[PDB]
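Two forms, one chain: they're shown below as structure tokens, one block per form, named structure 1 and structure 2.
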Structure 1
């Protein structure tokens, strides 16, 4: 589906790769654990996060940043799993962005009730690169708007395996996730995971 200029939803695109992706999420988290962070605004996130790849995103009360080192372990974030690399390249190509080279993958874990408030991904220096966003596990309602905070929002259920890509005209569009409804999924048990691939450094 034609989500917006430069944006698409590839439904169930990652469904066959999901089992492998979740195993790799568990491997990454065994090294750099999921943690709920606090924003510079003083807001404690309900979504727990970790990262893999060259750069990882983290935040605390004094600011946020993309760094090659996990501040909790003082060790590099785990390397990008091959399954992650392969799926991201396939999805980016299917979405019309074949030259996307991510150097960062943020892994979000949503327990029941967790949400991610409406925001823009504007922390990356090079906005020419798209965002590739993978849904795994329990279903969630994704909000996708426009360039301005008050632009009308589309509300779309994202299910296990769905992939959403945005860029170009829609690169800075506002988006978010509504509180996750509780339930059971065989592969993730009681949660929704998301993989957010980005080019966060200079290229």
Structure 2
């Protein structure tokens, strides 16, 4: 896909059913919620987290916290299925020592989108981003270090895993408005699992 980035198409296909079962378990403790940006806007994507740290929004500035600001309780621990799939994907991508301490779970309803951004809330740039697609297909935008750099448009389907790091760790990326559709395992949405090393 780019220097230090690759797309493992259908890599998580066999694990998908189990991953989704665990998403449901995580959501039981920390429900999906549409976060409000530091700017005061409700995101179309619904999110939740598991692992030691969870990505969240604050009155002013994104940040990681071990506490779910909605439930006021710790985020659920990282499911075994998540941990194992993530490490296998990272190894295949060329990052064998990846040890994530956070997993952001995104749920896209039809029309939902995640505008172009950089994952720049993690201090240790040596750790890659492992992104798992589940359910409905979406168009993933992958660019460069500048918001105006040319964008690649790649369809991401159920089971696809994208890993980026090294030279492309801070590349801009996003998801275009989700097209309506149906998928036997997620029904009416697309889920995405984003593993990161947010601390240390």
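Only residues modelled in both forms are compared. Numbering follows the first chain given and starts at 1. Whichever C-alpha set is largest while still superposing within 1.5 Å between the two forms counts as the rigid core.
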Legend entry - Cα displacement of residue 60 between structures 1 and 2 reaching 2 Å, rigid core superposed: yes
Inset, instruction - Would you say whether residue 43 is displaced between structures 1 and 2, judging by a C-alpha shift of 2 Å or more on the superposed rigid core? - result: yes
Legend entry - between structures 1 and 2, C-alpha offset at residue 161 (rigid core aligned, Å): 0.2
Legend entry - Angstrom displacement of the CA atom of residue 74 between structures 1 and 2, core fixed: 1.0
Inset, instruction - With the rigid core held as the fitting reference, name the runs of three or more adjacent residues whose C-alpha atoms all move by 2 angstroms or more between structures 1 and 2. - result: 41-43, 60-64
